[PDB]
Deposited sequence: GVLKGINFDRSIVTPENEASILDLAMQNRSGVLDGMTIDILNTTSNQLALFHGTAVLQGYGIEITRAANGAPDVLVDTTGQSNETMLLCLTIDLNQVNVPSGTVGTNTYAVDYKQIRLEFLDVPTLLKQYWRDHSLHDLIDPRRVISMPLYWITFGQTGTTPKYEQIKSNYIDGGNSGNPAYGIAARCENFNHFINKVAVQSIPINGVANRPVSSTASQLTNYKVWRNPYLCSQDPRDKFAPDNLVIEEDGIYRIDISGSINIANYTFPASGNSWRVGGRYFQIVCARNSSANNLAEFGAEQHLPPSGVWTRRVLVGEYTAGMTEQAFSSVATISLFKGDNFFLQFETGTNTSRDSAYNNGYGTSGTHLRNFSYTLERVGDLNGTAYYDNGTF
């Protein structure tokens, strides 16, 4: 029949108020505060966390302070192994209340909640980002959130640790936790190499023109939201490519200029006209490598006919020393995709190349270049096919 959830005679359940908080977190789970590692209280038998709060598919979970040490996890038996420390909800277990309201002695042993060590394959089979307690088709009884990589050494030693920042809602994004900026940078300058096609390094090192003959690799400020993207884990592609961690429609903004742009000088032989040189700036996706996403997870396969290159700026050099550009596009991207930006032009510098024959600040370069990448829509349901191919 038609059932109301929420109406005057309805009873409201645990499962209901959880389904509602999930909705309010934009279906993101994570640590809302604390639950970082407390290394002072961390022996070779035991691993300690600080207090705090997390939401996992709508279920609120707390580690309370008392007495530090806020909570302890048994590590005895773990040795020479990298594991994930995970917070897990297991709805097969029974929570055990004791005592009574009306005294003030009501308390619960929440056996449905545990902190545990999992290997990567086990965590992936029950990872909140891919499976749900509330799922329509394959609903689960157990679901986990990974918090730290824990690499155990020798028995007797205390382990090494690396926070899983994608599962902490830190900062960046309280208010719109599943959306917002994915990556952004400050203005930088980058030397254009003498080739037809090259990537623009978006991951925080540019080849900056520094003198009339040389450029040098120079850090610039960049930020990424680790829930949404990461730097490519292969060094070959690390300067240039992002790995997308979450499916969506994304907005890419770019702006900058091309400085010391090439062009054909007015001779009398061309009727005293500037001969412009064609260039374009494109964004690109590529899903040919699997398992680039966090944990080596399986990539999400894009719909048939999906785009791979899109022109953001396409024009001729105009005969000026410096020429500015800007562009904004929305584009579909998928978990596991590489995303990057390319500069393309001809390679004959006396006929068709936007770049000249100089080096450093005498050679053609991007100046004042910056971008922002932002997640602005999801690709659930029919959007996957209607919106996901471009």
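Trainee: Which parts of the deposited chain sequence are absent from the coordinates, listed in sequence order?
Mentor: Residues missing from the model, as numbered along the full deposited sequence, span 1, 69-70.
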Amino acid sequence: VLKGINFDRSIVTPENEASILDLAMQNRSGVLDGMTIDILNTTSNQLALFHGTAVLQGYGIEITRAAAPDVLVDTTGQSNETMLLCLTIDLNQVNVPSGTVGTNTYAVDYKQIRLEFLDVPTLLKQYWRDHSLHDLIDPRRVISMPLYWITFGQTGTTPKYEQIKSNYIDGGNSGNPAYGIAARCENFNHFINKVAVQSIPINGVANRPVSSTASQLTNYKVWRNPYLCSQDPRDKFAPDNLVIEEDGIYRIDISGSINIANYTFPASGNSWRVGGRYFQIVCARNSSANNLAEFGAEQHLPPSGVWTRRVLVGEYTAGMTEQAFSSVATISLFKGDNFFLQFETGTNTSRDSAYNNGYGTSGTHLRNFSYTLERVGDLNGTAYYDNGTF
From here on, numbers count along this sequence of modelled residues.
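Trainee: Check the entry's C-alpha temperature factors for 146-154 and 247-255, then say which stretch has the higher mean.
Mentor: Going by the record's values, the stretch with the higher mean is 146-154.
Trainee: Please compare 193-201 with 259-267 and name the stretch with the higher mean C-alpha B-factor in the deposited structure.
Mentor: The deposited B-factors put 259-267 ahead on the C-alpha mean.
Trainee: In this PDB entry, which of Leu341, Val55, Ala67, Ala354 has the top CA B-factor?
Mentor: The listed residue with the largest C-alpha B-factor is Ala67.
Trainee: In this PDB entry, which of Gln126, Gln163, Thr103, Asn286 has the top CA B-factor?
Mentor: Comparing C-alpha B-factors across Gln126, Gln163, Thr103, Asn286, the top value belongs to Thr103.
Trainee: Compared with the other modelled residues in the chain, in which third is the CA B-factor of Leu49?
Mentor: Ranked within chain, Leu49 CA B lands in the highest tercile.
Trainee: What third of its chain's C-alpha B-factors does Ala206 belong to: lowest, middle or highest?
Mentor: For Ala206, the deposited C-alpha B-factor lands in the lowest third.
Trainee: What third of its chain's C-alpha B-factors does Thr308 belong to: lowest, middle or highest?
Mentor: Within its chain, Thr308 is a lowest-third residue by C-alpha B-factor, going by the deposited values.
Trainee: Among the modelled residues of this chain, does the Cα B factor of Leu32 put it in the lowest, middle or highest third?
Mentor: For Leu32, whose C-alpha B-factor we compare with every modelled residue in the chain, the answer is the middle third.
Trainee: Considering only modelled residues of the same chain, in which third does the CA B-factor of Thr88 rank: lowest, middle or highest?
Mentor: For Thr88, the deposited C-alpha B-factor lands in the middle third.
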